[PDB]
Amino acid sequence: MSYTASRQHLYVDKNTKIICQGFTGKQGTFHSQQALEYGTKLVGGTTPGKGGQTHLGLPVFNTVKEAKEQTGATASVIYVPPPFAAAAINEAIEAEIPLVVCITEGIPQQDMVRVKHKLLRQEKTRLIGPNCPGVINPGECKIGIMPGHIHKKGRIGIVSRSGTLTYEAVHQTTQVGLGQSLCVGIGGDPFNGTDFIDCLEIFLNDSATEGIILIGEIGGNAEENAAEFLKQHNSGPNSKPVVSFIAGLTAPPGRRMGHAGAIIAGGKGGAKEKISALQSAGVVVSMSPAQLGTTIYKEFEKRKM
C-alpha cells in the first residue's frame, strides 16, 4: 500500500541493530567508532571488494543483503560518497532494511528523484535524509553524526531540516532541564525520504513526547503542509504544544543557502509565509533561534506540565 506505513521505523530504541554502508571509508570508520562508544548496536558494515574482512573487530560484507542476513540488522546508516550514495540507498531499499539513514550531502538532485520514485512504491524501507545528521533516541540508540553528549532523554520530540541548528535546540532544551524524547534530522535536501508530517505523526502518537519543536527554513512547502496537518490532528483539547523556528527571513531570493533545499525561487519558499502558516495552525513561532528552549518551557508552564 502506502509508503507512509514505514513511519514506525523512525523510532529507534535500545534494540535497534545497525550496519554502516561505507564501513571502510574515513567518514564511516570515524562515526562507527563513536556509535560503539555511545552504546548503540553497530553490528557490521558493507564495503564492496572487502567482504569477509574485520573492521574494528566487526565483520565487513560486500553487499547489504549479506550483512542483513548474517547480522539481523534492522537499520542502516550511509556514508557513501555522493557519486554512489544514491545507489547505496537503492541497495538498502531492495534489501528491505526497515530504516536507512543517509548522512551523505551532495547527492545529485536527479539521483534522489530516481531514489524517491522507487522509495514511494514500497513499504519495507523508511529513508531518513540524505544530507541529514540522523536520528537519535537519547540514552538508547544513535544513528548519525549528532553529538550525543548534549542529548538528555526527556519529553520533547525534535524534527529539523538543519544540523548544527538542531544541536542548538537540543542544548537549549537540556539547559532548561526538559530533555528530548526523539530527535530526527530530516536533512536539507529538496528530495528526502521523511518530511515534518511523518515525524509529527510519530510525535503526536508517542506517550513520551509531550512537546514538539519543529525547526524549518526557506524552500519548499513542507512547513506549510505540516501546519495544515497540525491544524486537523493537533487542535482543541489534549493537544501537544508545538514551538517552531524558521530560518531565512534575511535570506536573499534566488540563492542557494548552503543546503540544496534552502532556496527562494519564483516567489515561493519564503520564510514569512511559513511563519504565517505555522502561527495560524496554533504553533508558537519563536523569532529568535536562542529562545526555543525557553519558549517550549513557558508553553509547558501555561499548562502546568
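Don't overthink the numbering: it's just position in the shown sequence, from 1.
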query	finding
Residue range whose averaged C-alpha B-factor is higher in the record, 94-102 or 148-156	148-156
Of 248-256 and 31-39, the one with larger mean CA B-factor	31-39
Criterion, highest CA B-factor; candidates, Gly44, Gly261, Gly57, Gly270	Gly57
Out of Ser162, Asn221, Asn205, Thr194, residue topping the C-alpha B-factor column of the entry	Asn205
Chain-wide C-alpha B factor ranking for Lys116, given as lowest, middle or highest third	lowest
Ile215 by Cα B-factor - lowest, middle or highest third of the modelled chain	middle
CA B-factor placement of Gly236, once the chain's modelled residues are sorted into thirds	highest
Third of chain Cα B-factors occupied by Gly282	middle
Among modelled residues of the same chain, the CA temperature factor third for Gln70	highest
